[PDB]
Ligand SMILES: C[S@@+](CC[C@H](N)C(=O)[O-])C[C@H]1O[C@@H](n2cnc3c(N)ncnc32)[C@H](O)[C@@H]1O
């Protein structure tokens, strides 16, 4: 099947308007399998939240990490992270205007614009794999990245600093398009993005799908920002069961299931896109948020403080602050780990917590959290209602609602955590 | 028959052929130290190491194929 | 990082003390009645003993 | 509390291990750290504390014993603890342990920097065999 055009992801799943994980169109895997992609024990599934990787079999634990996917380098797109721009699939002919445009980007501010230029050129380069793959990228109406939002959404975002950063991103992108897609460019550039919408879409995809790694291309150890057509279908998790790895002999990106972890049929195969970034950073770049984000922060200014070590032990949290994890030993999750990283806290070599003054601090910080919730016009479950029923699934608007809801739900978990901490301190 | 493709796969996996073969020799001698079953007939410790490692790669090969 | 395997060989002339210390299984020695020059150092040119003493080899 | 009670909360074990490492008593340290296995608690932080307190208590020889037996057990020390322990060993001239710890550090994926090799060389220069 090394030909054909227009394979597509059946839009039966994005029909949630009246009110879940059907298989992706078999051609979506076939176009890879014909090109030496291999998926081992995993299946592409198509929810209304788009694609995901799910284990199609129970996978036994293994001593080394076990391969679950292999993607060959020929199907990837790459830009060098550092100034001397080179392309290792080398799609772009020498002296093509694309190189002049891509050079006119800031070396470190505009890597997304560079990747967007490559993505568009790879839609124009016939019989490049992304000529076929672009149909499976989310269109401009279904991409979650807030670069496609407008003030109608950002008013619902209710986060003026993040609204300002999104506005700056959009301004930067549109200014770059206006500067470099003016009427004087060759047709072999004007046809890449004849309107601003095509470019802002391409940038939003480049942002939401950019992996970055240190890699070895033969002898050259180098830093790449790259797009991998089946590792970018992995969904985020801060407790990932998989990680990406590079083989340089045959230039394969493996997706590896973690060593010593068993996984179950129908489990989502996920990766840790960027470790240690607050939810507002995931909204800034990727365009999503998660309530269990274990690095989120709260603008506390209280002199009330809680005994950190007792907060850990009451929730059986273990490890150093960079390491905090929870074990089998049940509401404790990434949001409680975020709480331990975020609450105004004190610690001492062995000194025990004052059982009274810690309850006083609990009450004070709980009323602080309550006034923080009171700074929003609505509760969490009102946004839950506004998501269990919704007018038109406007993806940017629903993403802003998910953001706000997640934050409130978080602060709620903070309240519940302090309550259960006091009760369980007995 | 097929086992050498697994060898090549593992040779392709490891970043140094000599370091890979050193690690196989180490694994075999620690196997024959941590277990003292004779394990020396129709199946051999080297093939066992290769089998277990390709099973870590996820591939359905039995012990000594 | 390197396992720093260090080993070295030394060749050297042996003292008469070591000759007495000799006493693939065993070694022995002869008590020479007179000193005797090592042919590798007198004869085999350039004469090393002559190079020390600054005497012509004929001497 | 064990004989007529219930499993201790982690700070109990951590505090008693710290009292060991700050007093000496390193055998009691290892005995209790091994007893922590039966609680399924995270041994990493307790072992780090035991090593750090032993180093601070100048109990360097048994600190080296507990550290090497932990590293051979596959635990990774915090980077500050590798750097401090290597430096203090090399100040003590204990290259016999400094080099071994450096191999375990490399095996833990903390690549030895110019600081660590400077520390090793500071002792190697003493041997008279250049
Ligand atoms: C690397 S891209 C994957 C593309 C996505 N599978 C699609 O259907 O286009 C990550 C995207 O998946 C979604 N996503 C990421 N992390 C998620 C999470 N933790 N939960 C739900 N959706 C998530 C967001 O829409 C985000 O833009």
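Chains as they are written, first to last, in the entry's author numbering: chain J, 49 to 67, 71 to 380, 386 to 482; chain P, 80 to 144; chain T, 2 to 24, 101 to 136; chain E, 132 to 261. Idealized CB from N, CA, C, for every residue including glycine.
Asked, Found
"Members of the segment 75-100 of chain J near chain P, C-beta cut-off 8 angstroms", "91 and 92"
"Short CB-CB distance (under 7 angstroms) between residue 228 of chain E and chain J", "no"
"Range of the contiguous alpha helix (DSSP H) that encloses residue 87 of chain P", "82-92"
"Environment of ligand 1 in chain order, Cβ to heavy atom below 7 angstroms", "J:100, J:101, J:102, J:103, J:188, J:189, J:194, J:195, J:196, J:259, J:260, J:283, J:284, J:285, J:286, J:287, J:288, J:324, J:337, J:338, J:339 and J:341"
"Euclidean distance between Cα positions of residue 2 of chain T and residue 191 of chain J", "51 angstroms"
"Local Cβ density within 10 Å of residue 181 of chain J, reported as buried at 16 or more and exposed below that", "buried"
"Alpha helix (DSSP H) segment containing residue 262 of chain E, residue limits", "In this structure chain E extends from 132 to 261, so residue 262 of chain E is not present and cannot be described."
"Residues, ordered as in the chain, of the segment 358-370 of chain J that lie near chain E by beta-carbon distance below 7 angstroms", "360, 364, 369 and 370"
"Buried/exposed call for residue 460 of chain J, threshold 16 Cβ in 10 Å", "buried"
"Opposing strand residues paired with residue 274 of chain J [DSSP bridges]", "J:265"
"Reduced DSSP category for residue 399 of chain J - H, G, I as helix; E, B as strand; rest coil", "coil"
"N-terminal and C-terminal residue of the alpha helix (DSSP H) that residue 103 of chain P is part of", "96-113"
"Residues within the segment 388-414 of chain J neighbouring chain E, beta-carbon criterion of under 9 angstroms", "405, 406 and 408"
"Residues from the segment 205-236 of chain E in contact with chain J, defined by Cβ distance under 8 angstroms", "209"
"Reference residue 414 of chain J, options J:350, J:347, J:386 and J:479, closest by Cα", "J:479"
"Members of the segment 89-103 of chain P that neighbour chain J once the beta carbon cut-off is set at 8 angstroms", "91, 92 and 94"
"Chain J contact for residue 137 of chain P (CB, 7 angstroms cutoff)", "yes"
"Proximity winner among J:103, J:333, J:245 and J:214, relative to residue 57 of chain J (alpha-carbon distances)", "J:103"
"C-beta neighbour in chain J for residue 192 of chain E, strict 7 angstroms", "no"
"The segment 155-168 of chain J / the segment 128-140 of chain J touching (three or more Cβ pairs under 8 angstroms)", "yes"
"Reduced DSSP secondary structure (H/G/I, E/B, other) of residue 307 of chain J", "strand"
"Residues within the segment 114-126 of chain J neighbouring chain P, beta-carbon criterion of under 8 angstroms", "114, 115, 116, 117, 118 and 119"
"Residue 137 of chain P and residue 214 of chain J closer than 7 angstroms at C-beta", "no"
"Supposed close pair residue 261 of chain J, residue 163 of chain J - CB separation, criterion 8 angstroms", "7 angstroms"
"Beta-carbon separation (whole angstroms), residue 302 of chain J vs residue 140 of chain J, contact threshold 8 angstroms", "Wrong, their Cβ atoms sit about 10 angstroms apart, outside the cutoff."
"Chain P residues whose Cβ lies nearer than 9 angstroms to that of residue 315 of chain J", "Within chain P, no residue comes near residue 315 of chain J; the closest Cβ sits about 16 angstroms away, beyond 9 angstroms."
"Span of the beta strand (DSSP E) around residue 129 of chain J", "128-131"
"Residue burial classification, residue 427 of chain J (beta-carbon count within 10 angstroms, cutoff 16)", "exposed"
"Under 8 angstroms by beta carbon: chain J residues contacting residue 140 of chain E", "364"
"Burial state of residue 168 of chain E (16 or more Cβ within 10 Å)", "exposed"
"Host alpha helix (DSSP H) of residue 84 of chain J (start-end)", "77-84"
"Proximity below 7 angstroms, CB of residue 168 of chain J to CB of residue 145 of chain J", "no"
"Contact list for the segment 282-302 of chain J against chain P, Cβ threshold 8 angstroms", "298, 299, 300 and 301"
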